[PDB]
> 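Below you'll find the structure I mean.
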Amino acid sequence: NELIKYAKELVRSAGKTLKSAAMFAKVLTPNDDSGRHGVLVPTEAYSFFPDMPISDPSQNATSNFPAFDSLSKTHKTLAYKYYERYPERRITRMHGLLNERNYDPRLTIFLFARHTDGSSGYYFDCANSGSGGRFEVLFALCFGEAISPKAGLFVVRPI
DNA sequence: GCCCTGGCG
DNA sequence: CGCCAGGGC
């Protein structure tokens, strides 16, 4: 299974071994980027991310969460933003690869894994369609070979 | 780098 | 909702 091999490889790159995992993968829309606009989180994907209490829906809120950045192979802190005026939620502080706009389509993959040692954690990977890019291979693993990539398209599902 | 807030169909 | 947009520091 090419998706399971990928997920296991991503966890092992952080020095853990995968017990189980969930994935949220999103083909970005042109407005999305690393954080000036962030990656907009579809409502159906809120439950994939950590609980962020919104104590007052009339006020902005913000949470951090740790995530292993696959491109840099280092642990990072992402920001999970609630902006009340829309209302909507964004991820920001992602890898700067996402800022380059001339190589669409772009993909983000988030993986939440339970580890065999009883720990758990988030993982992030991303890609575009430029020369040497990884969009096609990653899109095929997350979504299959039969469906068309489409800006905004996303999947949330167990591994 | 990441903040925040204007807007649209 | 899903998405477009842009100035501040």
Side-chain angles (χ1 to χ4, degrees), chain A residues 3 6-7 10 13-15 21-43 45-113 120-159:
Chain A
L3 172 63
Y6 172 81
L10 184 44
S13 64
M23 171 184 68
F24 159 56
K26 186 194 184 190
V27 181
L28 298 191
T29 76
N31 208 54
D32 286 329
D33 57 34
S34 307
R36 200 279 190 95
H37 296 158
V39 170
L40 182 67
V41 183
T43 51
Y46 290 2
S47 63
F48 168 85
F49 290 102
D51 290 326
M52 172 159 50
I54 292 97
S55 54
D56 191 340
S58 73
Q59 310 300 318
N60 294 337
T62 175
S63 175
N64 291 341
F65 65 97
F68 184 80
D69 181 278
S70 178
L71 285 177
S72 69
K73 297 307 184 199
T74 50
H75 285 109
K76 292 180 168 331
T77 297
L78 296 183
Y80 181 23
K81 316 290 295 183
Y82 167 72
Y83 283 118
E84 59 80 19
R85 77 167 308 269
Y86 300 95
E88 74 186 24
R89 305 188 192 186
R90 300 172 191 173
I91 313 300
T92 65
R93 312 187 60 198
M94 292 170 283
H95 196 288
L97 180 50
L98 293 181
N99 288 328
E100 281 283 342
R101 293 304 210 305
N102 290 312
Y103 300 98
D104 281 355
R106 290 171 297 148
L107 184 71
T108 59
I109 302 173
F110 297 84
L111 189 77
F112 178 77
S120 63
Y122 288 90
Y123 297 75
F124 170 86
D125 195 5
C126 70
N128 68 31
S129 299
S131 197
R134 289 167 63 243
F135 182 93
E136 297 173 63
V137 169
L138 294 178
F139 183 82
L141 315 168
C142 294
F143 290 91
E145 306 282 5
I147 197 181
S148 64
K150 186 62 47 178
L153 173 68
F154 74 94
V155 54
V156 175
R157 62 181 182 81
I159 287 302

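When reading the values below, keep in mind they use all heavy atoms of this one structure, side chains included, and skip hydrogens, waters and symmetry mates. Below, chain A is the first sequence line, B the second, and so on; all start at residue 1.
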> Which is true for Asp32(A) with a 4.0 Å heavy-atom rule: it touches a base, it touches only sugar-phosphate, or it touches nothing?
nothing
> Quick one: do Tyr103(A) and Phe135(A) satisfy ring pair (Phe, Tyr, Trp, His ring centres under 6.0 Å)? Show the steps, please.
CA-CA 10 Å; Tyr103(A) 300 98; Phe135(A) 182 93; over 10 Å; no
> Is there side-chain contact between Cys142(A) and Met23(A), with heavy atoms separated by less than 4.5 Å?
yes
> Please work out if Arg90(A) contacts a base, only the sugar-phosphate, or nothing of the nucleic acid, heavy-atom cut-off 4.0 Å.
base
> Whole-Å distance between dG6(B) P and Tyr83(A) OH?
13 Å
> Can you tell me the distance, in whole Å, between the CG atom of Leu78(A) and the P atom of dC3(B)?
11 Å
> Between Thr29(A) and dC4(C), is there a contact of a side-chain N or O with OP1 or OP2 at under 4.0 Å?
yes
> Determine: side-chain N/O of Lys81(A) to OP1/OP2 of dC2(B), distance under 4.0 Å, yes or no.
no
> Using the ring of each side chain (for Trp, its six-membered ring), is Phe24(A) parallel, tilted or perpendicular to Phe154(A), with breaks at 30° and 60°?
perpendicular
> By nearest heavy atom, map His37(A) and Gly152(A) onto DNA chain C; which one lands nearer the 5' end?
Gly152(A)
> Using distance only, find each side-chain donor-acceptor pair of residues 29-36 of chain A under 3.5 Å and give its atom names and separation, not counting sequence neighbours.
residue, atom, partner, partner atom, Å
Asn31(A), OD1, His37(A), ND1, 3.2
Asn31(A), ND2, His37(A), ND1, 3.4
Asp32(A), OD1, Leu40(A), N, 2.9
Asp32(A), OD2, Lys26(A), NZ, 2.8
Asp32(A), OD2, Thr29(A), N, 3.1
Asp33(A), OD1, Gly35(A), N, 3.1
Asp33(A), OD1, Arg36(A), N, 3.1
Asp33(A), OD1, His37(A), N, 2.8
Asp33(A), OD1, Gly38(A), N, 3.0
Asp33(A), OD2, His37(A), N, 3.4
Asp33(A), OD2, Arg101(A), NH2, 2.9
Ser34(A), OG, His95(A), O, 2.7
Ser34(A), OG, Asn99(A), OD1, 3.0
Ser34(A), OG, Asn99(A), ND2, 3.3

> Checking only heavy atoms, does the side chain of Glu88(A) share a donor-acceptor pair with the base of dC1(C) at less than 3.5 Å?
no
> Check the distance between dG2(C)'s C1' and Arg89(A)'s CZ and give it to me in whole angstrom.
15 Å
> Whole angstrom is fine here: how far is it from CD in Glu84(A) over to P in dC3(B)?
16 Å
> Distance check needed: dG1(B) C1' versus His95(A) NE2, whole Å only.
14 Å
> Going by the sign of the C1'-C2'-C3'-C4' torsion, is the sugar of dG6(B) north or south?
north
> Per the atom types in the model, does the base of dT5(B) pair as donor or acceptor with the side chain of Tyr86(A) at under 3.5 Å?
yes
> OP1 or OP2 of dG2(C) less than 4.0 angstrom from a side-chain nitrogen or oxygen of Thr43(A), does that happen here?
yes
> Is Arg93(A) touching bases, backbone alone, or none of the nucleic acid, heavy atoms closer than 4.0 Å?
sugar-phosphate
> Knowing that exactly one of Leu3(A), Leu138(A), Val155(A) qualifies, which makes a side-chain contact (heavy atoms from CB on, under 4.5 Å) with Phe143(A)?
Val155(A)
> To the nearest Å, how far apart are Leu40(A) CG and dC2(B) P?
18 Å
> With nearest nucleotide decided by heavy atoms, which residue, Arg85(A) or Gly35(A), maps closer to the 5′ end of DNA chain B?
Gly35(A)
> Using a cut-off of strictly less than 4.0 Å, decide whether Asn60(A) has a side-chain nitrogen or oxygen near OP1 or OP2 of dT5(B).
yes
> Which atom names give the shortest non-hydrogen contact between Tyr123(A) and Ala14(A), and what distance separates them?
CE2-CB, 3.7 Å
> Considering just the side-chain nitrogens and oxygens of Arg36(A), establish if one lies under 4.0 Å of OP1 or OP2 belonging to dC2(B).
no
> Just how far, in rounded Å, is P of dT5(B) from OH of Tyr82(A)?
12 Å
> Could you tell me how far apart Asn31(A) (CG) and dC4(C) (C1') are, to the nearest whole angstrom?
5 Å
